[PDB]
Amino acid sequence: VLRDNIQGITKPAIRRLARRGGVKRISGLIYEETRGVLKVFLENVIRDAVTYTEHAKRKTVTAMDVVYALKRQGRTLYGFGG
Amino acid sequence: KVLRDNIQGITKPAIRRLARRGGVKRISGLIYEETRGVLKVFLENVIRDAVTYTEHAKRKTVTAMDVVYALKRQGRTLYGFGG
Amino acid sequence: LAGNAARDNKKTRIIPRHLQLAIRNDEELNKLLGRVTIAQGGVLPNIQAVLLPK
Amino acid sequence: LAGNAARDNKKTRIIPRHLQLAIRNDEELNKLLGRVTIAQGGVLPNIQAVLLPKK
Amino acid sequence: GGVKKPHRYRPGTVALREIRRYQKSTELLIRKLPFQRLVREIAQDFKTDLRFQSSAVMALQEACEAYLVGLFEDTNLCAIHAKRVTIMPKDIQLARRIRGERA
Amino acid sequence: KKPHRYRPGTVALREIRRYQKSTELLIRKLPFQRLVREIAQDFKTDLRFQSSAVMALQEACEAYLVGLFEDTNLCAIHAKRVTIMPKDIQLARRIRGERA
Amino acid sequence: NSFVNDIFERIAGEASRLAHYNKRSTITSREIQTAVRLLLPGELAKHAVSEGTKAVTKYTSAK
Amino acid sequence: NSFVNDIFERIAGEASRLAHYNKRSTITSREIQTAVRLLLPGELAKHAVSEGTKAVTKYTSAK
DNA sequence: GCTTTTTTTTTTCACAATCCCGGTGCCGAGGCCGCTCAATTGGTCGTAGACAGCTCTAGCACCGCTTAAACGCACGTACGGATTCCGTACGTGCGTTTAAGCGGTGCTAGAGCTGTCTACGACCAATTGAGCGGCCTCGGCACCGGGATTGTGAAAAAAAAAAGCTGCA
DNA sequence: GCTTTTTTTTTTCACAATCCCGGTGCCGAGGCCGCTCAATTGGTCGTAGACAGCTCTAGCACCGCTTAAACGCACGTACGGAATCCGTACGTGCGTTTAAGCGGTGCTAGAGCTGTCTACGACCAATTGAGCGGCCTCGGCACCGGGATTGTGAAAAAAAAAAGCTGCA
Ligand SMILES: [Ca+2]
Ligand SMILES: [Ca+2]
Ligand SMILES: [Ca+2]
Ligand SMILES: [Ca+2]
Ligand SMILES: [Ca+2]
Ligand SMILES: [Ca+2]
Ligand SMILES: [Ca+2]
Ligand SMILES: [Ca+2]
Ligand SMILES: [Ca+2]
Ligand SMILES: [Ca+2]
Ligand SMILES: [Ca+2]
Ligand SMILES: [Ca+2]
Ligand SMILES: [Ca+2]
Ligand SMILES: [Ca+2]
Ligand SMILES: [Ca+2]
Ligand SMILES: [Ca+2]
Ligand SMILES: [Ca+2]
Ligand SMILES: [Ca+2]
Ligand SMILES: [Cl-]
Ligand SMILES: [Cl-]
Ligand SMILES: [K+]
Ligand SMILES: [K+]
Ligand SMILES: [K+]
């Protein structure tokens with residue numbers, strides 16, 4: 001079961017996120033659409049993170065690899081060694 | 001030394017032309033005045049930074065490069081006037 | 001501002017949420033950090049009018 | 001890609017429009033210059049389907 | 001009606017023609033002098049007795065028209081998204097809000 | 001004859017208020033972690049992750065989606081709906097310059 | 001800590017560019033000040049300029 | 001000319017960071033390459049890396 | 001107008017969510033202590049840039065003519081938006097199932113630090129050719145006028161799908 | 001099937017707009033020239049970082065309990081969206097008015113370059129105290145239970161606007 005861990009992003013988790021963004025009523029077609037978007041997000045961020053890892057010659061991805069990736073993507077993050 | 005609300009020189013037809021290039025087919029009357037406000041804010045922001053670059057360089061003349069540096073700052077990079 | 005948000009929650013110590021409340025409720029700090037994510041901050045309580053019961 | 005856009009428009013010399021058509025019609029160049037304005041470039045011919053005459 | 005003989009085009013036909021015209025061309029669509037006065041006028045609010053390179057005014061106009069032409073594209077989508085063909089101030093306002101230009 | 005039932009939308013609003021009030025992560029940690037490692041596979045094999053790299057990624061993702069939902073919501077309301085649909089998300093991401 | 005580093009990098013980066021654009025080898029208190037006007041919103045910039053000006057003045061008097 | 005200067009600044013700047021993040025005083029061809037991978041889209045990066053590698057190889061052999 | 005019904009209205013009751021008491025226990029904020037370093041001090045030396053002084057680029061103002069564009073109104077169609085209405089996609093709540101989260105243990109990859117040594121890059125002085133500005137030319141390309149072609153819109157003429165009618169199986 | 005109609009076709013004609021050509025003329029792309037300054041050559045000197053070698057961090061695997069969260073299913077309400085319908089806001093086209101655009105001239109602020117000179121910042125060695133890691137402590141804060149209270153909405157019961165109907169004249 002699950003070569004697609006993307007399904008482990010449950011309908012409920014997606015509803016919760018949507019709640020915190022003030023969404024009240026949610027089309028059935030959203031949960032699969034959201035997974036589509038979340039993947040592209042992580043694809044782009046992890047790609048750059050892993051490039052920072054390879055360049056440092058490491059086999060371990062660090063919080064700083066992610067922080068540097070997110071900043072490059074215009075999604076600056078505070079609290080993980082900025 | 002004239003001011004005299006030159007924003008009205010941004011005519012209805014000129015705004016209609018810009019909307020046409022943007023693919024817009026039908027335009028509410030309220031747009032024209034709403035656009036003029038938007039255009040003003042845009043220029044205030046770009047020109048405020050251009051002029052900052054001018055004052056820092058100790059000049060009395062705004063250069064293309066002041067604008068090009070101003071636009072780049074405002075995440076609106078412009079090609080074909082230097083830099 | 002964060003220390004004020006902390007006292008309003010009857011808390012001695014600032015946590016990321018007090019920093020988030022401080023920043024998002026200040027028009028200018030919000031602009032300065034308009035493209036920054038504060039880890040463990042959540043969002044300002046806000047519900048669109050059309051969604052409310054009346 | 002600009003040279004080709006000039007050739008299509010029966011022109012010898014590349015102008016800003018040829019660069020714009022070149023860049024905006026290429027998925028990848030378009031992404032690389034997604035936040036760049038090309039002076040005297042204009043926009044790609046694009047009329048949303050809903051706006052055309054129905055029949 | 002009938003042989004009025006202007007051959008009055010239906011509302012939206014000339015509009016479409018103007019769209020094809022202006023999407024074909026790259027020439028600036030605001031009149032140069034009016035725009036140049038407006039630039040000088042707004043610049044007075046920041047500093048007095050300022051001079052402008054002619055290329056500095058042309059760079060501001062290229063920048064402006066590109067920004068408005070692009071905001072109109074996004075505005076048009078917001079109008080269509082609400083099953084309208086007519087752009088309205090709330091369209092522009094939604095575009096600018098989503099763009100993060102406005103709170 | 002039947003004790004209490006809430007009308008559609010009432011619990012929704014109840015959840016909105018609860019989650020807008022909290023800051024804890026709203027995706028379960030392990031499922032998220034596997035997805036991260038699964039996606040990493042495609043770029044380089046036998047990769048290790050600091051726990052704070054995975055926690056950084058989840059914070060950034062959750063923040064991104066909450067924010068996208070805010071924009072999606074407004075698009076729904078703009079078309080005079082209360083129900084967010086894919087085209088709402090699509091329009092938000094189009095105007096945000098994330099998507100062609 | 002992130003916040004300080006973030007704004008440090010922004011001001012220092014703009015300052016770097018100010019100097020570069022004007023063919024200067026030195027970042028002075030004047031490049032920092034311009035950087036700040038450009039980077040901070042209205043009120044914040046005024047107070048920030050005010051505090052920076054006050055700190056330099058105090059320092060130069062106390063050298 | 002604007003295009004060349006743009007991508008010069010982007011690549012160089014990313015390289016500046018890569019060397020800084022890894023406590024390196026020196027920008028090498030490895031920093032440029034990693035910058036290119038981060039900055040250019042899929043197919044463009046591949047060609048670019050290919051043409052960059054070729055040119056270094058051909059330079060080093062030509063001394 | 002009558003009876004009959006749906007729609008909206010209020011009233012009355014149920015149920016979370018919060019706030020005020022009571023308390024406990026865990027773990028990380030906080031602060032102290034050696035003591036690693038980087039900040040400070042006082043010195044030299046070199047050059048960045050402040051300033052004055054001069055050149056001359058290009059930015060500003062002005063005028064008057066032509067004509068393209070802006071303006072304002074007349075007119076009507078197609079658009080926006082309100083209202084109505086129907087089907088079911090979603091939200092709610094329940095019982096059942098699943099695996100996350102926790103706290104612990106056991107193993108070791110690989111992060112990360114030190115010490116050594118030399119390949120490589122900064123710096124310099126001398127050399128010189130690539131790329132600069134300045135200048136001249138001549139062919140692309142902007143603009144024009146004329147004719148060919150393409151698309152639009154209105155009415156009329158045909159083709160089709162729809163409506164009320166009517167008998168026989 | 002039959003007429004007998006509306007709805008959708010198609011066809012035919014006038015007309016405006018756009019497209020495509022060759023002709024013409026202007027000016028900037030293009031290339032040549034001569035001088036210059038930045039790239040190259042060959043030289044020294046120092047240290048950045050490649051590498052080996054060792055430490056021990058923290059990342060991974062695994063295990064076994066306890067739920068909280070996920071799952072799926074029934075059930076129905078309120079929402080999305082189709083259809084209808086009406087008023088006028090907006091697009092089109094025309095005549096009238098305006099001022100941009102053009103090409104040209106005249107005047108000089110000030111952009112930008114040069115030469116001079118010294119205040120200021122880089123660099124360095126000696127000194128030493130701020131701030132680092134490590135370590136221990138003790139109170140904040142997460143969590144808990146027991147009530148009272150007030151938000152947040154859901155029925156239920158009546159009131160009202162709406163919709164049926166009908167027999168009259
Ligand atoms: Ca403030
Ligand atoms: Ca207590
Ligand atoms: Ca605990
Ligand atoms: Ca304490
Ligand atoms: Ca000691
Ligand atoms: Ca020591
Ligand atoms: Ca000193
Ligand atoms: Ca003329
Ligand atoms: Ca190793
Ligand atoms: Ca070392
Ligand atoms: Ca030559
Ligand atoms: Ca040349
Ligand atoms: Ca030629
Ligand atoms: Ca050498
Ligand atoms: Ca001067
Ligand atoms: Ca101390
Ligand atoms: Ca400490
Ligand atoms: Ca409780
Ligand atoms: Cl509006
Ligand atoms: Cl959709
Ligand atoms: K000048
Ligand atoms: K480790
Ligand atoms: K000086």
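No Cβ is skipped: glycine too gets one built from the backbone with ideal geometry, and neighbour counts run over all protein chains shown. Here, each number is a calculation from the coordinates, and none is a lab measurement.
Can you tell me which residue in the range E:20-34 is surrounded by the fewest Cβ atoms within 10 Å (Cβ to Cβ), limited to those that are under 13 Å from the mean Cα position of the chain (by Cα) and facing chain B (nearest Cβ under 8 Å)?
For the range E:20-34, the residue satisfying everything is E:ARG31.
So which of C:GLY3, C:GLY34 is closer than 29 Å to G:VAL36 by Cα, more than 11 Å from the chain's Cα centre (by Cα) and more than 7 Å from every other protein chain (Cβ to nearest Cβ)?
That would be C:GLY3, the only listed residue that is closer than 29 Å to G:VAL36 by Cα, more than 11 Å from the chain's Cα centre (by Cα) and more than 7 Å from every other protein chain (Cβ to nearest Cβ).
Inside the range F:57-73, can you point out the residues that are touching a helix residue (DSSP H, G or I) at 6+ places or on another chain (Cβ under 7 Å) and touching a residue at least 12 places away in the same chain (Cβ under 8 Å)?
Those that are touching a helix residue (DSSP H, G or I) at 6+ places or on another chain (Cβ under 7 Å) and touching a residue at least 12 places away in the same chain (Cβ under 8 Å): F:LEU57, F:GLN58, F:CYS61, F:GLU62, F:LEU68, F:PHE69, F:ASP71, F:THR72.
So for the range C:24-44 (the condition being of a type outside the set (A, V, I, L, M, F, W, C), within 15 Å of DNA strand I (Cβ to nearest atom) and part of a helix (DSSP H, G or I)), does at least one residue qualify?
Checked against the condition, which is being of a type outside the set (A, V, I, L, M, F, W, C), within 15 Å of DNA strand I (Cβ to nearest atom) and part of a helix (DSSP H, G or I), the range C:24-44 yields no hits at all.
Out of (1) assigned to a helix (DSSP H, G or I); (2) out of contact with any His (no Cβ under 9 Å at 6 or more places or on another chain); (3) of a type in the set (A, V, I, L, M, F, W, C), what's the single condition that is false for C:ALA5?
(2)
State which residue is nearest to F:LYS87 (Cα to Cα) when the search covers only the range E:48-61 and only residues that are facing chain B (nearest Cβ under 8 Å) and surrounded by fewer than 22 Cβ atoms within 10 Å (Cβ to Cβ).
E:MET58
Being within 22 Å of G:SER16 (Cα to Cα) and not in a helix (DSSP H, G or I) is true for just one of B:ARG48, B:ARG59. Which residue is that?
B:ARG59
Which ones in the range G:1-38 are under 23 Å from C:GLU27 (Cβ atoms) and either within 14 Å of chain A (Cβ to nearest Cβ) or in contact with a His (Cβ under 8 Å, 6 or more places away or on another chain) (or both)?
G:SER2, G:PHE3, G:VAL4, G:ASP6, G:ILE7, G:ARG10 - these are the residues of the range G:1-38 that are under 23 Å from C:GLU27 (Cβ atoms) and either within 14 Å of chain A (Cβ to nearest Cβ) or in contact with a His (Cβ under 8 Å, 6 or more places away or on another chain) (or both).
State whether one or more residues within the range A:61-71 are β-branched (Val, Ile, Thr), within 24 Å of F:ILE77 (Cβ to Cβ) and within 14 Å of the chain's Cα centre (by Cα).
Checked the range A:61-71: no residue is β-branched (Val, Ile, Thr), within 24 Å of F:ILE77 (Cβ to Cβ) and within 14 Å of the chain's Cα centre (by Cα).
Looking only at the range E:74-90, decide whether some residue is touching a helix residue (DSSP H, G or I) at 6+ places or on another chain (Cβ under 8 Å), more than 7 Å from chain B (Cβ to nearest Cβ), within 16 Å of ligand 19 (Cβ to nearest atom) and touching a residue at least 24 places away in the same chain (Cβ under 8 Å).
The answer is yes; a qualifying residue exists.
Provide a single number: the residues in the range B:12-34 that are more than 7 Å from every other protein chain (Cβ to nearest Cβ) and not in a helix (DSSP H, G or I).
So the answer is 1.
Within the range C:10-18, is even one residue assigned to a helix (DSSP H, G or I), more than 9 Å from chain A (Cβ to nearest Cβ) and surrounded by 12 or more Cβ atoms within 10 Å (Cβ to Cβ)?
There is at least one residue in the range C:10-18 that is assigned to a helix (DSSP H, G or I), more than 9 Å from chain A (Cβ to nearest Cβ) and surrounded by 12 or more Cβ atoms within 10 Å (Cβ to Cβ).
What's the number of the condition E:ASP45 fails, among (1) near DNA strand I (Cβ under 9 Å from one of its atoms); (2) surrounded by fewer than 15 Cβ atoms within 10 Å (Cβ to Cβ)?
(1)
With the condition kept exactly as written, say whether any residue in the range F:37-48 is touching a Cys at 6+ places or on another chain (Cβ under 8 Å) and away from DNA strand J (no atom under 11 Å from the Cβ).
no
Enumerate the helices (runs of 4 or more DSSP H) found wholly within chain H, keeping only those where 3 or more residues are of a type in the set (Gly, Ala, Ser) and more than 9 Å from the chain's Cα centre (by Cα).
Passing ranges, in order: H:2-21, H:42-62.
So G:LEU38 ticks every box in (1) within 25 Å of A:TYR78 (Cβ to Cβ); (2) surrounded by 11 or more Cβ atoms within 10 Å (Cβ to Cβ); (3) within 16 Å of DNA strand I (Cβ to nearest atom) but one. Which box is left unticked?
Condition not satisfied by G:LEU38: (3).
May I ask you to verify whether F:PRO3 is of a type outside the set (A, V, I, L, M) and either buried (at least 20 other Cβ atoms within 10 Å of the Cβ) or more than 7 Å from chain A (Cβ to nearest Cβ) (or both)?
Yes.
Working carefully through the options H:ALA62, H:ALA48, find the one that is touching a helix residue (DSSP H, G or I) at 6+ places or on another chain (Cβ under 9 Å) and not β-branched (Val, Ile, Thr).
Selected residue: H:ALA48, the only one of H:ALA62, H:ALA48 that is touching a helix residue (DSSP H, G or I) at 6+ places or on another chain (Cβ under 9 Å) and not β-branched (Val, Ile, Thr).
Identify all residues within the range A:66-81 that are in a helix (DSSP H, G or I) and buried (at least 19 other Cβ atoms within 10 Å of the Cβ); write none if there are none.
Within the range A:66-81, A:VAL66, A:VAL67, A:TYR68, A:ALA69, A:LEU70, A:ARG72 qualify.
When the residues of the range B:6-52 are narrowed to those that are farther than 14 Å from E:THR75 by Cβ and polar (S, T, N, Q), which ends up surrounded by the most Cβ atoms within 10 Å (Cβ to Cβ)?
Once the filter is applied, the top-ranked residue is B:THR52.
Can you pull out the residues in the range F:16-28 that are of a type in the set (D, E, K, R) and near DNA strand J (Cβ under 10 Å from one of its atoms)?
F:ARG17, F:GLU24, F:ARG28
Does A:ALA63 meet the test of being within 14 Å of chain G (Cβ to nearest Cβ), without any contact (Cβ under 8 Å) to a residue 60 or more places away in the chain and crowded, with 17+ Cβ neighbours inside 10 Å?
Considered against the rule, which asks whether it is within 14 Å of chain G (Cβ to nearest Cβ), without any contact (Cβ under 8 Å) to a residue 60 or more places away in the chain and crowded, with 17+ Cβ neighbours inside 10 Å, A:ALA63 comes out as yes.
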